[PDB]
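Just the one chain here, laid out as structure tokens, in the form solved without the ligand.
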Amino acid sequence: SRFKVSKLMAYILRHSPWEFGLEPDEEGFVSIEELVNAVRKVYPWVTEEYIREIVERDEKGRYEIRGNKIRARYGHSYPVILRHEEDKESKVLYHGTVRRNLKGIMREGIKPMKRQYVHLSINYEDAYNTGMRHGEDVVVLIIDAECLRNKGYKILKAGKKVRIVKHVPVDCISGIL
């Protein structure tokens, strides 16, 4: 199914490409042809056309293809530089987290998890679902995006609904829930 195959591509492209004989470039890209061969190690009926279709109809925009290269657009557990086009338009963004993080955040702003990017959402609902990954007691931080831009931070369009930024100073957090 597209769900199973996409789950496997997400794992390969974000977390364990070398286990499959793939070597991503600095931007997280691998050969889509080698990705097909890798995926076929698990799902032998997968075609390059199928993976291109998964990318095209992925509801979150998780993936990006350029010529023969394919990457996950965000969520990597290894070093990548992501030169996504800038979100210049959003005025308020959202960050899902858990209540016990508030103390730390109120001290030092939102810092990345070594990832070098903080994940924000354009929608409260998706920020909430994202925060639910780290526990049940979820709070959603309202983020002033103009405040971020004024301080010099560039907000990038990582996915259809995901936005990434280097850091969120306390000053730019305007509300909770």
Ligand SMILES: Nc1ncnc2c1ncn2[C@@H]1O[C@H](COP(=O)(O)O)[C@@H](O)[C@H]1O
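Quick note: we count residues from 1 along the sequence shown, nothing fancier. Just so we're on the same page, rigid core means the largest C-alpha set that superposes within 1.5 Å between forms.
Asks: Which segment is farther from the shown form on average in 4 other deposited structures of this protein after a rigid core fit, 109 to 117 or 125 to 133, going by CA atoms?
Replies: Clearly, after the core fit, the stretch farther away in 4 other deposited structures of this protein is 109 to 117.
Asks: Higher average CA B factor in the deposited record is what I'm after, so tell me if that's 110 to 118 or 123 to 131.
Replies: Higher mean C-alpha B-factor: 110 to 118.
Asks: Per the entry, where is the mean C-alpha temperature factor higher: 49 to 57 or 142 to 150?
Replies: Higher of the two, by average CA B-factor, is 142 to 150.
Asks: Based on the entry's values, in what third of the chain does the Cα temperature factor of residue 73 lie: lowest, middle or highest?
Replies: Lowest third - that is where residue 73 ends up once the chain's C-alpha B-factors are sorted.
Asks: Name the third of the chain's ranked CA B-factors that contains residue 62, choosing lowest, middle or highest.
Replies: Within its chain, residue 62 is a lowest-third residue by C-alpha B-factor, going by the deposited values.
Asks: Once the chain's modelled residues are ordered by C-alpha B factor and cut into thirds, is residue 163 in the lowest, middle or highest one?
Replies: Middle third by C-alpha B-factor.
Asks: What third of its chain's C-alpha B-factors does residue 21 belong to: lowest, middle or highest?
Replies: Highest third - that is where residue 21 ends up once the chain's C-alpha B-factors are sorted.
Asks: When the modelled residues of the chain are sorted by Cα temperature factor, does residue 100 land in the lowest, middle or highest third?
Replies: It belongs to the highest third of the chain when residues are ordered by C-alpha B-factor.
Note that the form solved in complex with the ligand isn't included here; everything after this is about it.
Asks: Would residue 55 sit within 4.5 Å of the ligand in the bound PDB entry, counting heavy atoms only?
Replies: Looking in the bound PDB entry, residue contacts with the ligand do not include residue 55, since no heavy atom lies within 4.5 Å.
Asks: Would you classify residue 66 as touching the ligand in the bound PDB entry, given a 4.5 Å non-hydrogen atom cut-off?
Replies: No, residue 66 sits far enough from the ligand in the bound PDB entry that none of its heavy atoms falls within 4.5 Å.
Asks: Flag residue 149 as yes or no: does it have a non-hydrogen atom within 4.5 angstroms of any non-hydrogen atom of the ligand in the bound PDB entry?
Replies: Residue 149: no, not in contact with the ligand in the bound PDB entry.
Asks: Although the ligand is absent from this view, report whether residue 101 comes within 4.5 Å of it in the bound PDB entry, heavy atoms only.
Replies: Residue-level check for residue 101: yes, a contact with the ligand.
Asks: Look at the candidate spot formed by 62, 75 and 110 and say whether the ligand comes within 4.5 Å of a heavy atom in all three of them in the bound PDB entry.
Replies: Yes: 62, 75 and 110 each sit within 4.5 Å of the ligand in the bound PDB entry.
Asks: Considering only 111 to 127, what residues come within 4.5 Å of the ligand in the bound PDB entry, judged by heavy atoms?
Replies: Contacting residues: 111, 113, 115, 117, 119.
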